[PDB]
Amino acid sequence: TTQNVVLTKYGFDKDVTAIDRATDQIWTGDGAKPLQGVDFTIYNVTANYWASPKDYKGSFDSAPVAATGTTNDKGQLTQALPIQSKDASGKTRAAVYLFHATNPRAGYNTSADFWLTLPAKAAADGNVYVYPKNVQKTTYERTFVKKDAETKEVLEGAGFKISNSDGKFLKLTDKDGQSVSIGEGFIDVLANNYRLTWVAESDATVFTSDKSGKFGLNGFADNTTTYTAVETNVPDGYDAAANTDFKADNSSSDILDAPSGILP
C-alpha cells in the first residue's frame, strides 16, 4: 500500500520567502515560476529515523534510494511510496522519506532537505503535496555587438570563444553535462537550463554574432572574474579583432573588426 507524493518546485524572487504549507493543500504558486528539469532523490530513511526518532536530524547515511525523478514543465514530480517500511532490526514501521535535490535549476541554489512520515495528510484527490524551498541566486550576463570598424555597421557571423585566466575555454552543456548545439546570438542559459564548463580550446563552444551583431550569454556566477573573448572565426574580408577582456557585469559593448586592406 502506497501514497502518491506530488512534489512541486516553484521559483521565487530572491527576497520573497514562502510560508509552510500542509501536505493536503494544492498550491498554485501565486504565480511563481514552476521550475522544470530539477532532479530529486528520495531516500528511504525509515531505519535512520526509527533508530532514535527524537534524535533524527535528516541523515540519509546508508539509506536506500526509494526513487529518483525530475520536475516537468509544471515543476512537478510524482512518485508512489510505500506507507510502511522496515527499521534496521527488521521491524515494520511507518515509512519515512527524505527528499534531496541533486541538480538544481540554473540560477538557483539547491533546495533544503526535508522529510516526512507516511501515511501523511492528503488532499481531496488523495495526493500528498510537497513544495521544496530554495533561494534564487544572483547571476550575471554579458553582451557583445560585433561591428565593422570602418562603417560602424553590425557584422553577422563572427565566431568567438571565451577563456578564463587558467587558459581554459567555455563549453555549454545541458543539465546532465552533455553537448548541445549552440547557434547565433545571445544564449539564454537560464531559460534553457544549461551549464558553463571549462575545457580545452578545441572542445569549446563557439558563439556567433547574429544579424544585429549581437552575441553573449547569461548565467555567469560572478561579476568580478575576468574572461577573454577571442575571435576564432573571422568574416571573410576582415581582420580579427584584438582579444577583449571583460567581466560579466550585465553590460553590452562593441567589438570592432577592421576590413582587410587590399593594395595594388
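For every residue, the number given is its place in the sequence shown, counted from 1.
Next item on the list: Compare the mean C-alpha B-factor of 167 to 175 with that of 108 to 116 as given in the PDB entry, and name the stretch with the higher value.
Entry: Per the PDB entry, the higher value belongs to 167 to 175.
Check: Higher mean Cα B-factor in the deposited model: 121 to 129 or 82 to 90?
Finding: That would be 121 to 129.
Checklist line | Highest recorded Cα temperature factor - choice among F215, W50, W198, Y43 | finding: By C-alpha B-factor in the record, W198 ranks first.
Check: Between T138, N103, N134, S181, where does the Cα B-factor run highest in the record?
Finding: Comparing C-alpha B-factors across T138, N103, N134, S181, the maximum falls on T138.
Checklist line | Ranked C-alpha temperature factor of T8 among modelled chain residues, by third | finding: Its C-alpha B-factor belongs to the lowest third of this chain's values.
Check: Within this chain, which third does the Cα B-factor at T71 fall in: lowest, middle or highest?
Finding: According to the entry, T71 has a C-alpha B-factor in the chain's lowest third.
Notebook entry, point to check: Going by the entry, which third of its chain does the Cα temperature factor of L35 land in?
Noted result: Lowest third - that is where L35 ends up once the chain's C-alpha B-factors are sorted.
Next item on the list: Going by the recorded CA B-factors, say which third of the chain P64 sits in, lowest, middle or highest.
Entry: For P64, whose C-alpha B-factor we compare with every modelled residue in the chain, the answer is the middle third.
Notebook entry, point to check: Is the Cα B-factor recorded for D55 in the lowest, middle or highest third of its chain?
Noted result: For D55, the deposited C-alpha B-factor lands in the highest third.
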